[PDB]
Amino acid sequence: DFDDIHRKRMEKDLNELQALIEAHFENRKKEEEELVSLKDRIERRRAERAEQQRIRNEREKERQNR
Amino acid sequence: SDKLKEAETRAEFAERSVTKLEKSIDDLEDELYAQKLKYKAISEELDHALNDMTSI
Amino acid sequence: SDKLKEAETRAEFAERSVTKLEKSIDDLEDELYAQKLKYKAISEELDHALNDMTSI
Amino acid sequence: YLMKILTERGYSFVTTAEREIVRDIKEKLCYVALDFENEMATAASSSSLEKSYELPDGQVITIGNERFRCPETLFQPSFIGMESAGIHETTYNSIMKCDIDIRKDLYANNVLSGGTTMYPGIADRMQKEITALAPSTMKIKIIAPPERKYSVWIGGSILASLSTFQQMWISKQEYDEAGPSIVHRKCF
Amino acid sequence: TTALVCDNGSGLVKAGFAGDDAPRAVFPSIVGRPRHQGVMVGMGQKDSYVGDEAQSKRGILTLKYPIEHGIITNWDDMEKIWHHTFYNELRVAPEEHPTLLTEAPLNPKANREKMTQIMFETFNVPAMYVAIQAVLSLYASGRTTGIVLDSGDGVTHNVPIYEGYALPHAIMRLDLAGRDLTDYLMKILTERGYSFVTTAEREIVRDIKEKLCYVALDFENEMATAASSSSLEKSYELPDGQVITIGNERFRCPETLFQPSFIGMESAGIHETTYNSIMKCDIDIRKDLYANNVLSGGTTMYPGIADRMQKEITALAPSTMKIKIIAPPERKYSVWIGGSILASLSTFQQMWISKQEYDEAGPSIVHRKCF
Ligand SMILES: Nc1ncnc2c1ncn2[C@@H]1O[C@H](COP(=O)(O)OP(=O)(O)O)[C@@H](O)[C@H]1O
Ligand SMILES: [Mg+2]
């Protein structure tokens, strides 16, 4: 007894810390930069949609104005 | 005459509604992107912290 | 008859546009709200971490 | 109320037959304003709202700001002298009487039905009002299917077509044994 | 085959196969019948939602725990909970697996006998064994001595053990636990305006207690600080919005543990019943018990309790002895981890109550040599 405390504690004392650091690094890398880039891409597409909407609205208002 | 008056009227309502919808859509999307970018800035704060934690 | 046909088709197209826009709005709303809850949770756990630091 | 406010321009409908004409006017022209005061101010300056309508004999009439004042009574029942709160606040009160754990689901699944909810622009006014009343975090969604008028009957058809429901009918022999008061009993 | 290490508890049922690190399925032990009428036909509405399913439909249920204070007050509901645990959360028929239940000290005999009778007649297990909830928590720490304070959710008991020889005359069982703290928190929240009454809202108050409350190192100083500054007021969002702000209710709820006079109980706190439990022991094993004080159970997870308790005991104890409080991070599942370790032992393999033995002596076999 009291000799399995080493073999159940020291293991996770380093392996768990290193593995969680690895998980945090990979998750941040996968998540943050890709999300910001994708949001910028969607913003550009949204601006293009806004331009298309403005053009169509203006041309239809020009024709229909009677 | 009744039919086409109805159709044009409800169509005009539809156009005004859909344009309001588009303004709503753009505002929501841009706000979402701003919030997501704030979150990713926080994530990179945490990632700098994790690089410090690389001390372990 | 010609005006009626054109008006009806324009109306139906705009209507389907309306429905699709609503669906898109709903989905983006769900995702944005999920992000919002995620942000509140991350901030709260961050503050809990700060108070844990205060303890030790 | 529409028949009563039309008299402010000169058109008097009194006969019980002319109530049908006023109903047709209400169906075809009236709409619910997104914001009441702004519409009242706009209709009092410009003339972009005045829509005309041809009676069953000619003599077209022009409806001004009576258009959005008739269905506004739903959200301010003080117009027709009723004390109670509008349909925008009795829904919130009905929600708040429910338990604290099912309020989010009720907020997200608010359903509209019935004929009178067909006014153009009501699904936005009601959502704006409830969002004003409700807590800022909850999501408010208003389900407004295009087949609103017959929603009750479509649901009735679905319920009558179910196999599980086939034994809930009040069979005639049961009525013969307990009288008409059977309806309040288990067969609801 | 493998053994089933079930652990009834009171508030969370923890179960799993013997030999692992953590319980496989952990879910609240509540059985809630619906209370409203129900108008949709064919919705597939059941008559009783048990376990974690009734924590999602709790808006229209009346949850009621089947275990009040260690003892079991509603045997049909407990049978339902066990049936759910075996068949749906583990999906192993009990006909092919030994079971190892756990029971608080000083509990009524009839409870234990009925438990074994159910396990042998209804579920028809091959062999079951009942163990005291504190010895397992001592197993999990890897010690062999020490006095363990297992403050669960139903009942707080304090079993001292030395060199493997339990001291039956020094067990101090106190009935203040997590549930009374939940009720007291729900009662002091009314001082700000928030009223929780329904049995469903007790769960919300429990969540508030878990996430916000903490044990103060010194009570009077905290009461003075919270009454001047506002650095303590932490807010929390209800399941529907309308955030609430908890002031000095934060450390007043778990303070009841050290001053049971708050909820009207006469007895002394958990800081003084441990010292009394030690002083009843012999004069030569008091140093070892002082040095190996073990904490377990869920309610001992409050942030800052392992320091308050050490300060209190150091105040009470003689100045020379060293006071050490073992507070492992896996406190909540300590009893179940110990149960897994005990069930995995080879020396223990012949202590089970085999079914033929029960058939020969009846349910009263549990009090006999097979304890
Ligand atoms: N993280 C926590 N912080 C504070 N209290 C907790 C925490 N987790 C659980 N509790 C309290 O402990 C109780 C669960 O105790 P538990 O050890 O499961 O009892 P049992 O001995 O019946 O299994 C819960 O009712 C809760 O009040
Ligand atoms: Mg326990």
# chains A, B, ... in the order shown; residues from 1 in each chain; ligands from 1
>>> interface_residues(of="chain E", to="chain D", cutoff="8 Å", atoms="only C-alpha atoms", output="VMD selection string")
chain E and resid 41 to 42 58 to 60 201 239 to 242
>>> write_last_selection(atoms="N, CA and C atoms", output="short mmCIF file (atom, residue, chain, number, x, y, z; two decimals), in the first residue's frame")
data_model
loop_
_atom_site.label_atom_id
_atom_site.label_comp_id
_atom_site.auth_asym_id
_atom_site.auth_seq_id
_atom_site.Cartn_x
_atom_site.Cartn_y
_atom_site.Cartn_z
N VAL E 41 -52.25 13.87 -28.14
CA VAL E 41 -52.47 12.43 -28.17
C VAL E 41 -51.32 11.78 -28.92
N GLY E 42 -50.96 10.58 -28.50
CA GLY E 42 -49.92 9.85 -29.18
C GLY E 42 -48.53 10.43 -29.05
N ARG E 58 -38.00 18.75 -16.27
CA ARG E 58 -38.39 19.07 -14.90
C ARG E 58 -39.37 20.22 -14.84
N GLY E 59 -39.59 20.90 -15.94
CA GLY E 59 -40.56 21.97 -15.92
C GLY E 59 -41.99 21.54 -15.67
N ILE E 60 -42.35 20.32 -16.05
CA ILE E 60 -43.71 19.83 -15.84
C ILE E 60 -43.75 18.57 -14.99
N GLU E 201 -37.51 24.05 -8.82
CA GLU E 201 -36.59 25.16 -8.59
C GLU E 201 -35.56 24.86 -7.52
N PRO E 239 -32.39 30.06 -15.63
CA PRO E 239 -32.69 29.35 -16.88
C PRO E 239 -33.57 30.12 -17.84
N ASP E 240 -33.93 31.36 -17.53
CA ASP E 240 -34.74 32.16 -18.44
C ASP E 240 -34.30 33.61 -18.57
N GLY E 241 -33.15 33.99 -18.02
CA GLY E 241 -32.75 35.38 -18.03
C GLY E 241 -32.75 35.92 -16.62
N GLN E 242 -33.11 37.19 -16.46
CA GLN E 242 -33.25 37.84 -15.16
C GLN E 242 -32.14 37.44 -14.20
#
>>> residues_near_ligand(ligand="ligand 2", cutoff="10 Å", atoms="only C-alpha atoms and all ligand atoms", output="PyMOL selection string")
chain E and resi 7-14+70+102-104+132-134+136-137+150-157+296-299+332-336
>>> write_last_selection(atoms="C-alpha atoms", output="compact mmCIF listing (two decimals), in the first residue's frame")
# COMPACT_ATOMS: atom_id res chain seq x y z
CA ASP E 7 -23.24 3.17 -5.16
CA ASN E 8 -26.75 4.32 -4.33
CA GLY E 9 -25.83 7.50 -2.55
CA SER E 10 -28.47 10.16 -2.07
CA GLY E 11 -28.55 12.75 -4.81
CA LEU E 12 -26.33 11.13 -7.43
CA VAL E 13 -26.24 7.44 -8.30
CA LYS E 14 -22.73 6.44 -9.37
CA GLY E 70 -29.21 7.55 3.87
CA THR E 102 -22.77 0.92 -0.30
CA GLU E 103 -24.53 1.99 2.89
CA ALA E 104 -24.03 4.73 5.44
CA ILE E 132 -19.70 0.98 4.68
CA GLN E 133 -19.25 4.16 2.65
CA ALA E 134 -16.24 5.37 4.62
CA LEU E 136 -14.08 2.64 0.61
CA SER E 137 -13.12 6.30 0.73
CA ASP E 150 -17.58 11.62 4.28
CA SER E 151 -19.94 14.58 3.96
CA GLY E 152 -22.31 13.33 1.29
CA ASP E 153 -25.59 14.87 0.23
CA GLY E 154 -27.79 12.89 2.59
CA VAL E 155 -25.79 12.37 5.77
CA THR E 156 -22.35 13.29 7.10
CA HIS E 157 -20.54 10.52 8.98
CA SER E 296 -14.46 12.75 0.94
CA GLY E 297 -17.98 13.07 -0.38
CA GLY E 298 -19.47 15.70 -2.62
CA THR E 299 -20.21 18.43 -0.10
CA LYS E 332 -16.65 13.32 -5.39
CA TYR E 333 -16.00 9.83 -6.74
CA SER E 334 -13.65 8.78 -3.95
CA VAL E 335 -16.13 6.29 -2.52
CA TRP E 336 -16.73 4.70 -5.89
>>> calpha_fit_rmsd(fixed="chain B", moving="chain C")
1.5 Å
>>> residues_around(residues="residue 6 in chain C", least_positions_apart="4", cutoff="12 Å", atoms="only C-alpha atoms", output="MDAnalysis selection string")
(chainID B and resid 4 7:8 11) or (chainID C and resid 1:2 10:13)
>>> interface_residues(of="chain C", to="chain E", cutoff="12 Å", atoms="only C-alpha atoms", output="list in words")
residues 37, 40, 41, 44, 45, 47, 48, 51, 52, 53, 54, 55 and 56 of chain C
>>> interface_residues(of="chain A", to="chain C", cutoff="12 Å", atoms="only C-alpha atoms", output="MDAnalysis selection string")
chainID A and resid 35 39 42
>>> write_last_selection(atoms="N, CA, C and O atoms", output="short mmCIF file (atom, residue, chain, number, x, y, z; two decimals), in the first residue's frame")
data_model
loop_
_atom_site.label_atom_id
_atom_site.label_comp_id
_atom_site.auth_asym_id
_atom_site.auth_seq_id
_atom_site.Cartn_x
_atom_site.Cartn_y
_atom_site.Cartn_z
N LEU A 35 -11.71 30.88 -37.80
CA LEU A 35 -12.98 31.58 -37.58
C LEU A 35 -12.88 33.03 -38.01
O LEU A 35 -13.79 33.56 -38.64
N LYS A 39 -14.99 34.61 -41.04
CA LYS A 39 -15.86 35.75 -40.82
C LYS A 39 -15.52 36.90 -41.75
O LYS A 39 -16.42 37.57 -42.25
N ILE A 42 -16.98 35.93 -45.15
CA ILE A 42 -18.43 36.12 -45.16
C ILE A 42 -18.77 37.60 -45.17
O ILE A 42 -19.76 38.00 -45.80
#
>>> interface_residues(of="chain B", to="chain C", cutoff="8 Å", atoms="only C-alpha atoms", output="PyMOL selection string")
chain B and resi 3-4+7-8+10-11+14-15+18+21-22+25+28-29+32+35-36+39
>>> atom_distance(atom1="CA of residue 270 in chain E", atom2="CA of residue 254 in chain E")
11.3 Å
>>> interface_residues(of="chain A", to="chain E", cutoff="7 Å", atoms="only C-alpha atoms", output="VMD selection string")
chain A and resid 1 to 2 5
>>> write_last_selection(atoms="N, CA, C and O atoms", output="PDB file, in the first residue's frame")
ATOM      1  N   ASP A   1       0.853  -1.182   0.000  1.00  0.00           N
ATOM      2  CA  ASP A   1       0.000   0.000   0.000  1.00  0.00           C
ATOM      3  C   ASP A   1       0.890   1.235   0.000  1.00  0.00           C
ATOM      4  O   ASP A   1       2.086   1.161   0.298  1.00  0.00           O
ATOM      5  N   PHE A   2       0.303   2.372  -0.374  1.00  0.00           N
ATOM      6  CA  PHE A   2       0.998   3.646  -0.555  1.00  0.00           C
ATOM      7  C   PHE A   2       2.113   3.564  -1.594  1.00  0.00           C
ATOM      8  O   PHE A   2       2.885   4.518  -1.752  1.00  0.00           O
ATOM      9  N   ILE A   5       0.378   5.030  -5.178  1.00  0.00           N
ATOM     10  CA  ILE A   5       0.168   6.467  -5.296  1.00  0.00           C
ATOM     11  C   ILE A   5       1.137   7.060  -6.305  1.00  0.00           C
ATOM     12  O   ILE A   5       0.763   7.940  -7.087  1.00  0.00           O
TER      13      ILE A   5
END
>>> interface_residues(of="chain D", to="chain B", cutoff="10 Å", atoms="only C-alpha atoms", output="PyMOL selection string")
chain D and resi 28-29+120-121
>>> write_last_selection(atoms="N, CA, C and O atoms", output="tab-separated table (two decimals), in the first residue's frame")
chain	number	residue	atom	x	y	z
D	28	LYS	N	-59.13	44.12	-47.02
D	28	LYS	CA	-58.31	44.44	-48.18
D	28	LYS	C	-57.33	45.58	-47.94
D	28	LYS	O	-56.29	45.63	-48.61
D	29	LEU	N	-57.61	46.50	-47.03
D	29	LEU	CA	-56.78	47.68	-46.91
D	29	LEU	C	-55.98	47.77	-45.61
D	29	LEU	O	-54.82	48.17	-45.66
D	120	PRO	N	-51.20	42.35	-42.63
D	120	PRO	CA	-49.82	42.48	-43.12
D	120	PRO	C	-48.95	43.26	-42.17
D	120	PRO	O	-49.17	44.46	-41.97
D	121	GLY	N	-47.96	42.61	-41.58
D	121	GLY	CA	-47.04	43.28	-40.68
D	121	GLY	C	-47.29	43.05	-39.21
D	121	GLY	O	-46.79	43.83	-38.39
>>> select_by_dssp(residues="range 200-256 of chain E", states="strand (DSSP E)", output="ChimeraX atom specification")
/E:234-238,241-246
>>> select_by_dssp(residues="range 66-218 of chain E", states="alpha helix (DSSP H)", output="PyMOL selection string")
chain E and resi 75-84+109-121+133-140+178-188+201-212
>>> atom_distance(atom1="CA of residue 37 in chain E", atom2="CA of residue 170 in chain D")
19.4 Å
>>> residues_around(residues="range 41-56 of chain D", least_positions_apart="6", cutoff="12 Å", atoms="only C-alpha atoms", output="PyMOL selection string")
(chain B and resi 1-2+5-6+9) or (chain D and resi 11+13+17-18+20-22+24-31+33+35+62-69)
>>> write_last_selection(atoms="N, CA, C and O atoms", output="compact mmCIF listing (two decimals), in the first residue's frame")
# COMPACT_ATOMS: atom_id res chain seq x y z
N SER B 1 -58.78 43.20 -62.55
CA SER B 1 -58.30 44.43 -61.94
C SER B 1 -58.09 44.24 -60.45
O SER B 1 -57.05 44.61 -59.91
N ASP B 2 -59.07 43.64 -59.78
CA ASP B 2 -58.89 43.36 -58.36
C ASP B 2 -57.69 42.47 -58.14
O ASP B 2 -56.86 42.72 -57.25
N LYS B 5 -54.32 44.41 -58.81
CA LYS B 5 -54.10 45.37 -57.73
C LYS B 5 -53.61 44.64 -56.49
O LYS B 5 -52.61 45.03 -55.88
N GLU B 6 -54.30 43.57 -56.11
CA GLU B 6 -53.88 42.81 -54.95
C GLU B 6 -52.45 42.35 -55.10
O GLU B 6 -51.63 42.49 -54.19
N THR B 9 -49.84 45.13 -54.92
CA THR B 9 -49.76 45.68 -53.57
C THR B 9 -48.99 44.75 -52.65
O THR B 9 -48.04 45.16 -51.97
N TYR D 11 -68.23 58.96 -44.49
CA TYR D 11 -68.85 57.72 -44.92
C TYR D 11 -69.57 57.10 -43.73
O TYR D 11 -68.93 56.76 -42.73
N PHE D 13 -71.82 53.95 -42.52
CA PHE D 13 -72.36 52.62 -42.73
C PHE D 13 -73.13 52.24 -41.47
O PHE D 13 -72.56 52.24 -40.38
N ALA D 17 -76.26 45.03 -43.38
CA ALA D 17 -75.67 44.58 -44.64
C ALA D 17 -74.38 45.32 -44.94
O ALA D 17 -73.46 44.74 -45.50
N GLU D 18 -74.30 46.59 -44.57
CA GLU D 18 -73.10 47.37 -44.83
C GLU D 18 -71.95 47.03 -43.90
O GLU D 18 -70.81 47.39 -44.19
N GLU D 20 -70.87 44.12 -43.77
CA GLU D 20 -70.08 43.27 -44.65
C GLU D 20 -69.16 44.10 -45.53
O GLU D 20 -68.01 43.71 -45.78
N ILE D 21 -69.63 45.24 -46.02
CA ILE D 21 -68.77 46.10 -46.83
C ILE D 21 -67.62 46.63 -45.99
O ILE D 21 -66.47 46.69 -46.46
N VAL D 22 -67.90 47.03 -44.75
CA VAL D 22 -66.80 47.50 -43.91
C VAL D 22 -65.84 46.36 -43.62
O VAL D 22 -64.62 46.58 -43.53
N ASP D 24 -65.07 43.97 -45.68
CA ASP D 24 -64.24 43.84 -46.87
C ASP D 24 -63.19 44.93 -46.92
O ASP D 24 -62.03 44.67 -47.29
N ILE D 25 -63.56 46.15 -46.56
CA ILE D 25 -62.57 47.22 -46.50
C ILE D 25 -61.45 46.85 -45.54
O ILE D 25 -60.27 46.99 -45.86
N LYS D 26 -61.82 46.35 -44.36
CA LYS D 26 -60.82 46.00 -43.36
C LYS D 26 -59.89 44.92 -43.88
O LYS D 26 -58.67 44.98 -43.69
N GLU D 27 -60.45 43.90 -44.53
CA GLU D 27 -59.61 42.81 -45.02
C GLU D 27 -58.66 43.30 -46.10
O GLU D 27 -57.48 42.92 -46.10
N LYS D 28 -59.13 44.12 -47.02
CA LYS D 28 -58.31 44.44 -48.18
C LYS D 28 -57.33 45.58 -47.94
O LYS D 28 -56.29 45.63 -48.61
N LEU D 29 -57.61 46.50 -47.03
CA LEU D 29 -56.78 47.68 -46.91
C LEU D 29 -55.98 47.77 -45.61
O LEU D 29 -54.82 48.17 -45.66
N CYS D 30 -56.56 47.42 -44.48
CA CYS D 30 -55.91 47.67 -43.20
C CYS D 30 -54.64 46.84 -43.04
O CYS D 30 -54.52 45.74 -43.57
N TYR D 31 -53.69 47.40 -42.29
CA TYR D 31 -52.44 46.73 -41.97
C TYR D 31 -51.97 47.22 -40.61
O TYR D 31 -52.36 48.29 -40.16
N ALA D 33 -49.27 48.66 -38.09
CA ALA D 33 -48.08 49.49 -38.16
C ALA D 33 -46.98 48.93 -37.28
O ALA D 33 -47.23 48.44 -36.17
N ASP D 35 -44.48 50.79 -35.98
CA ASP D 35 -44.42 51.75 -34.89
C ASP D 35 -45.56 52.73 -35.05
O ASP D 35 -45.68 53.37 -36.09
N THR D 62 -61.60 57.05 -49.92
CA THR D 62 -60.17 57.12 -49.66
C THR D 62 -59.91 57.00 -48.17
O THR D 62 -60.35 57.85 -47.39
N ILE D 63 -59.19 55.96 -47.79
CA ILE D 63 -58.90 55.68 -46.39
C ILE D 63 -57.53 56.24 -46.07
O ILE D 63 -56.54 55.87 -46.71
N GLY D 64 -57.46 57.12 -45.08
CA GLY D 64 -56.20 57.75 -44.75
C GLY D 64 -55.45 57.02 -43.65
O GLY D 64 -54.97 55.91 -43.87
N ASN D 65 -55.36 57.63 -42.48
CA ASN D 65 -54.75 56.95 -41.34
C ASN D 65 -55.73 56.05 -40.61
O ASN D 65 -55.42 55.62 -39.50
N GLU D 66 -56.90 55.81 -41.17
CA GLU D 66 -57.76 54.76 -40.66
C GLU D 66 -57.22 53.38 -40.99
O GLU D 66 -57.74 52.39 -40.48
N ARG D 67 -56.21 53.31 -41.84
CA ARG D 67 -55.70 52.02 -42.30
C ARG D 67 -55.07 51.23 -41.16
O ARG D 67 -55.39 50.06 -40.96
N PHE D 68 -54.16 51.85 -40.43
CA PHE D 68 -53.46 51.18 -39.35
C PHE D 68 -54.01 51.51 -37.98
O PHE D 68 -53.48 51.02 -36.98
N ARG D 69 -55.05 52.34 -37.90
CA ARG D 69 -55.70 52.62 -36.63
C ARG D 69 -56.75 51.58 -36.28
O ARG D 69 -57.00 51.34 -35.10
>>> closest_residue(among="A:16, A:28, A:37, A:11", to="residue 34 in chain B", atoms="only C-alpha atoms")
A:37
